[PDB]
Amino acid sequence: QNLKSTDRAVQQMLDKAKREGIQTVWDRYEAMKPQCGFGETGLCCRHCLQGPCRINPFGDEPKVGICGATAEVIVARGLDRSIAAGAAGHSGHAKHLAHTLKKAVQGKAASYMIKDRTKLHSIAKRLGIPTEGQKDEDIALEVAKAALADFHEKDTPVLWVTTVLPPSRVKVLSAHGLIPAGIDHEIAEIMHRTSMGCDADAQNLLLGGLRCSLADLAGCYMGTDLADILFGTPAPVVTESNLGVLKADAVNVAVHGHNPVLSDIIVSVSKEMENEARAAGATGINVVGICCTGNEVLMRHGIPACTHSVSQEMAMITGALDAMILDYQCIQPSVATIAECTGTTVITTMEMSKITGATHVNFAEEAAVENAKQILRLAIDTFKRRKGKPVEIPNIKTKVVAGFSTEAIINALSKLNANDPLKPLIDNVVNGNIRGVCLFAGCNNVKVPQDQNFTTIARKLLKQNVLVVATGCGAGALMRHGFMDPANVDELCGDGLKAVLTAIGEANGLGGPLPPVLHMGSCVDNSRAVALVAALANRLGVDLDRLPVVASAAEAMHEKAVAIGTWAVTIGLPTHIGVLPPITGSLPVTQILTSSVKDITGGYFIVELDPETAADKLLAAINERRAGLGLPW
């Protein structure tokens, strides 16, 4: 099972699933081999009913689409649609939060409120919304309105791009026409321009893609901003991760999907229902996280993470998962069928994300507590049905220190320099104790032994004194392998990095270092990394494409990860992707994305499937940036 996942808890559940004849994502992958080489290389088009069209990567006909679409057009159009789809996810998430905030302050959803007033005011200031002599509720109404306004054309561009990147960066992007006019506007324009008989120039198409990726960034940043206002800005918290956080004697409830609007209420209501759970013979309700919504409640509340991404089915295979509460995104629909074998109650809650065979309980912010109780009572009923049934919860978990929002990081650093908190970080970049910064982001992918790329690359970078930050299922991988436990600093970290982590930790009263990797939160919270990097850029008076900062979507899967990778490139970062996106069928497109885009945005993709090699390439990128700043490396 080591060939499927490097996580021992997952391996144990794979053996259980095999024994019990429960088909998994890895079995469905094996059944799909060999996969279509046209799709793999991007050389397939189904954008009209004359198709499907394909182009042989090499050899003879077909060489061109029926309408005349070249390999470079077909590849660029497919990629653009993936970016649009990612943008649609992150911005749908953000939109949901914007409506929730509006309802909350209009008195229509009393389960929700302004929890972080400071964040609300700072966001208002950043957007140009006056706060002086204004009621919080009115300020919040204006912020929510501004959020919703960024989805469409208006007299200003997307403020959740133009107000979050340094002016010099916005100028570079504006010069190339890359600043989005409206989030849903760009999504629609991509779908239009990539439809049959429209845009048919690879560079033009890809520029469109870069712009749509910034619409995605805006959705991410908006999602983080709004979630922080509503639910609180994360601060350092200690919890645990992996399947061992499940408890046989508790009602185990996984929150899974993305939106904290749902999970955050589940967490609070579950505490209120402890006595009901105990009435049913349980110790209480044990809420655990899967995927991003698990990350959201881990970051804010220390809710333990059960599992992530590709291994999500394994939580169910334990036999102890009484409910899986879903909103949207990254949920393998197999869970609905597996639930019939495992006893788990899978519950959908959002109108646009249902799964055949799952129970649907409409969630309305207006009735959030009521709807949460209904859902949790289904979970309690399910716990009762497994009375006396043996379960197999792998006794495997790690300690996780998390909650490193950008505010939290700035605060931690401020203990070393109160009025110039970024300076200690920059000092240590300059003196070589910190070589650079690497953001690990995005998914696991069944094609890559689970977590192998994240851990292999992280290990090499940490030994080379790279400050590693992580989000989403990248943070999931690293947390499950001990990278968020400060007890592992001596083993994992180079002497320089150790010194800095220790110095910061001891100044924050820890008697010990920060963890080896800083968990910056969910996938939308990649926007937090942007806030940190942009703040460093502003402090240094240089653009992001001069900073020794890189990203790695080491095991990418979702269209959202493609969008994130693309905006990482667009804002100026060397951006590693550890799975093949469908671009290799066009050398010109590949060359643009991995090379000539450097001349446009300063960022570039690094496509590298071998993780040792990827680490070397990321180190080379970091060191090139160091040299560019006149620093030793």
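Here the rigid core means the biggest group of C-alpha atoms that line up within 1.5 Å when the two forms are laid on top of each other. Throughout, we count residues from 1 along the sequence that is shown.
Superposing each structure in 5 other deposited structures of this protein on the rigid core shows that the farther-lying of 255-263 and 517-525, by root-mean-square Cα distance, is 255-263. Higher average CA B factor: 368-376, of the stretches 368-376 and 542-550. The mean Cα B-factor in the deposited entry runs higher for 503-511 than for the other of 503-511 and 462-470. Residues shown: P449, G436, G521, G107. Highest C-alpha temperature factor in the entry: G107. As recorded in the entry, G388 carries the highest CA temperature factor of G403, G388, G89, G223. Ranked within its chain, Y328 lands in the middle third, by CA B factor from the PDB record. The PDB entry assigns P260 a C-alpha temperature factor belonging to the highest third of its chain's modelled residues.
Ranked by Cα temperature factor within the chain, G565 sits in the lowest third according to the deposited record. Placement of the Cα temperature factor of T118 within the chain: highest third of the modelled residues, per the deposited record. Remark: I583 belongs to the middle third of its chain, ranked by C-alpha B-factor as recorded.
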